[PDB]
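As given, the protein sequences belong to chains A and A', one line each in that order. A prime marks a further copy of an entry chain. Note that the first sequence covers residues 10 to 95, 112 to 127, 130 to 333 in the authors' numbering. Note that the second sequence covers residues 10 to 95, 112 to 127, 130 to 333 in the authors' numbering.
2 protein chains.
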Amino acid sequence: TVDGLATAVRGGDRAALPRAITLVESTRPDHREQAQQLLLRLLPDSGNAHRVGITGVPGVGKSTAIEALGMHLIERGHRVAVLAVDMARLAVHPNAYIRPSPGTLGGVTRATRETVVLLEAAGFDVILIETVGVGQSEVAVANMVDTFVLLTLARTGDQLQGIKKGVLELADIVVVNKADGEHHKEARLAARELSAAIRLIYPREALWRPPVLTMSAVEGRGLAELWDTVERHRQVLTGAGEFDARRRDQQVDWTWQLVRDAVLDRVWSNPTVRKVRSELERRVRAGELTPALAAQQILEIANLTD
Amino acid sequence: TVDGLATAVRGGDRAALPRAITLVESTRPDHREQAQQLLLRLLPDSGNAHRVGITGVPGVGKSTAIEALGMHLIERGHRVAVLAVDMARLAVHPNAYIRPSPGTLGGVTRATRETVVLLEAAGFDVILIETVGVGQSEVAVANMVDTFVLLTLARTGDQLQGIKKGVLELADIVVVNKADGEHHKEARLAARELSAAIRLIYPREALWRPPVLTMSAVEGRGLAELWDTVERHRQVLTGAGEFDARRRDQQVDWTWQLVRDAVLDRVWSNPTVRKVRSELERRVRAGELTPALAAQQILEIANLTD
Ligand SMILES: Nc1nc2c(ncn2[C@@H]2O[C@H](COP(=O)(O)OP(=O)(O)O)[C@@H](O)[C@H]2O)c(=O)[nH]1
Ligand SMILES: Nc1nc2c(ncn2[C@@H]2O[C@H](COP(=O)(O)OP(=O)(O)O)[C@@H](O)[C@H]2O)c(=O)[nH]1
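And the structure:
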């Protein structure tokens, strides 16, 4: 039973956890309902953790950094979980848990958010959530974590190559990675350039202006200082009452997103609407039909076949 | 009749236009339906214009710049309309039309977008759309124009004071205003700093990297060069086939936004949902209820009272 599973999860049973996550990842209407009851039971045991999101372009070094950070943390007495929303030395360790990405963005987002509750209830005190680069995936992850970390390249004038614009402003901390080999001095200059842009984007910020750090994830340099900064972010926000405020706001926002997706899905997933979408859009693109009149036809058609 | 009004608008009757806009601004269900028929008739006569959005903080100088730009353009044979989404020398002129902002953002957005169609049909070839600073108002205006212009302050390290973060990335052109009095050299340095950040945000952009210009709207300096740059934006995008692409994409996006707002409004505007919102949100904030379970209760309650 749900009541049994909850007891085994919070008591720390290593076999219960993956079964609980499996229940949460299921989109069968029977499973969703018990999942919701299980999460209700475990919600009071959650929240005692720091949730950190980590993003950056393919090949910037996210997996290398996460592995090195995960070991740094395990050696300091933390229990560390890694999730991906789309590391062999780490996976070995009993105080780590690593899980691959679970359909749509809404769906992977929901499954990830619910899995966080389970991990925290199971005693994990650090949750690292990696993007797979792009969807609206960066925003989704930023909205479920306490501290969002952007990794960039350590090259003057080229740090943000390949990043979706607007992602810089999501970051609580920015890191220039691969500050090694022929790019030690270059990395400092590249960090100073990003710092200059961050001062322009946050010119009179008084609580937290995102720091720009350098790192060599492959040589294991800069991970400790990155975590020191993640802790300082939490301390600063907590002293201002904003750490809890951010979480409460994210939960209310997610509630309304669930309401939105439920009501919009009826229209979007409607086979007949899917059939006529192309032609209705073509008519709009060609100025043969107004957006308002095309919207009305979409709604009428959904309603006739719902 | 709608058929009569359309003939008078496209034939250039100055009395028909404000009546047509009045019909469009009405949210009475009878008016909305004729408005839609009128827009359908005039849609083929629209599109022959450059739509420019203009944003920046209160007091940066938007109204001063728009007045000076509007006169620059009128003197060059254009017919210029000014709309606001929330100038005495300009209002005097027969080849200008100025209209104050029309409920919600969705509502003002819809009325503004429809009014654009009417103005273009009436022979206006430049449409300037001013924000009133913030809502999600900047995004709304950027999504209905061809060229989005951000005005900022001409002070080194303080150009973006008061701007919602993420707004910089909406801009097709950035202008440092008030490059006058004691800030002539400072303005050049402030422009160079923004240019440096723009290079970092757009490091390998090949089609259009947003230029940063200086201006003194109050002394009438820099308006001509601002318009020269707006024309160059259109020429560059047109040569790449992106000018028409942007418009078609905005229209399809607006269509789906209308569908979204129709379906979400049923829930949001429901009196009973409004009544229980506070307590449901409090329960979510306190960890007494899951987002998914709160969403379900919101949907059930809407459905019971719909
Ligand atoms: N020079 C250098 N290479 C790195 C660093 N971190 C990762 N790499 C290399 O970059 C490649 C991609 O790294 P990976 O961690 O898989 O990047 P990911 O795609 O972001 O997860 C691999 O060859 C890594 O060895 C670093 O700090 N310096
Ligand atoms: N020094 C200087 N003042 C300006 C300039 N443009 C506008 N102003 C002044 O700034 C104040 C606000 O200008 P206004 O155009 O109303 O700004 P708005 O709120 O953005 O529409 C007024 O006192 C203007 O005279 C400029 O280029 N230089």
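Even for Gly, the Cβ is constructed at its ideal location relative to N, Cα and C.
- Not one heavy atom of ligand 2 sits closer than 7 Å to the Cβ of residue 241/A'.
- Interface with chain A (8 Å Cβ-Cβ cutoff): residue 332/A' is excluded.
- Chain A places a beta carbon closer than 8 Å to that of residue 188/A', counting this residue as a contact.
- Fully enclosed alpha helix (DSSP H) runs of no fewer than 4 residues occupy 250-266 of the region 242-267 of chain A', in order along the chain.
- Relative to ligand 2, residue 207/A' has its C-beta within less than 7 Å of a heavy atom.
- Residue 153/A and residue 122/A have their C-alpha atoms some 10 Å from each other.
- If you look at residue 23/A', you'll find it isn't in any beta strand (DSSP E); DSSP assigns it neither H nor E.
- Per DSSP, residue 157/A' is one residue of the beta strand (DSSP E) stretching across 153-158.
- For residue 44/A, the uninterrupted alpha helix (DSSP H) segment begins and ends at 38-51.
- If you draw a straight line from the Cα of residue 205/A to the Cα of residue 307/A', it comes to about 47 Å.
- Taking the CA atoms as reference points, residue 313/A' sits about 22 Å from residue 295/A'.
- Residue 68/A' has its Cβ nearer than 7 Å to a heavy atom of ligand 2.
- In the structure shown, residue 64/A' adopts extended strand secondary structure according to DSSP, grouped into three states.
- For residue 169/A and residue 197/A, the gap between their C-alpha atoms comes out near 7 Å.
- Check the Cα spacing between residue 61/A' and each of 286/A', 30/A', 297/A' and 261/A': the tightest is with 261/A'.
- Taking 8 Å as the upper bound for CB-CB distance, residue 93/A' and residue 125/A' are in contact here, some 6 Å apart.
- A distance below 8 Å separates the beta carbons of residue 77/A' and residue 250/A'.
- Taking a cut-off of 8 Å on C-beta distances, the region 144-160 of chain A' touches the region 33-53 of chain A', as three or more cross pairs fall below it.
- For residue 117/A', the number of other beta carbons within 10 angstroms of its own is below 16, and it is reported as exposed.
- DSSP places residue 59/A within a strand segment (E or B) once states are collapsed to three.
- The residue from 285/A', 220/A', 71/A' and 328/A' with its alpha-carbon nearest to that of residue 177/A' is 71/A'.
- In the assembly as shown, residue 91/A' is a buried residue. Its beta-carbon has 16 or more other beta-carbons within 10 Å.
- Note on residue 188/A: under 16 other CB atoms within 10 angstroms of its CB, so exposed under the neighbour-count rule.
- Within the region 189-212 of chain A, the residues whose Cβ lies closer than 8 Å to any Cβ of chain A' are, in chain order, 192, 193, 195 and 196.
- Residue range 121-124 is occupied by the beta strand (DSSP E) that includes residue 121/A'.
- The C-beta distance from residue 191/A' to residue 228/A rounds to 11 Å, too long to fall under 8 Å, and the pair is not in contact.
- Residue state for residue 15/A' is assigned as helix, using DSSP reduced to three classes.
- Ligand 2 approaches residue 65/A' closely enough that one of its heavy atoms is under 7 Å from the residue's Cβ.
- Non-local C-beta neighbours of residue 48/A in its own chain, meaning closer than 7 Å and more than five positions away in sequence, comprise 141 and 144, ordered along the chain.
- Between the region 314-329 of chain A' and the region 277-288 of chain A' there are fewer than three inter-stretch CB-CB distances shorter than 8 Å, so the stretches are not counted as touching.
- Residues of the region 216-229 of chain A with a C-beta less than 8 Å from any C-beta of chain A': 220, 221, 223, 224, 226, 227, 228 and 229, listed in chain order.
- For the region 313-326 of chain A, the set of positions with a beta-carbon nearer than 7 Å to some beta-carbon of chain A' reads 314, 317, 318, 319, 320, 321, 322, 325 and 326 in chain order.
- Short of 6 Å from the beta carbon of residue 271/A', and not among the five residues preceding or following it, lies no beta carbon of its own chain.
- Rounded to whole angstroms, residue 41/A' and residue 29/A' show a C-alpha spacing of 12 Å.
- Under the three-state reduction of DSSP, residue 285/A' is assigned to helix.
- In this structure, the C-beta of residue 168/A stays at least 7 Å away from each heavy atom of ligand 1.
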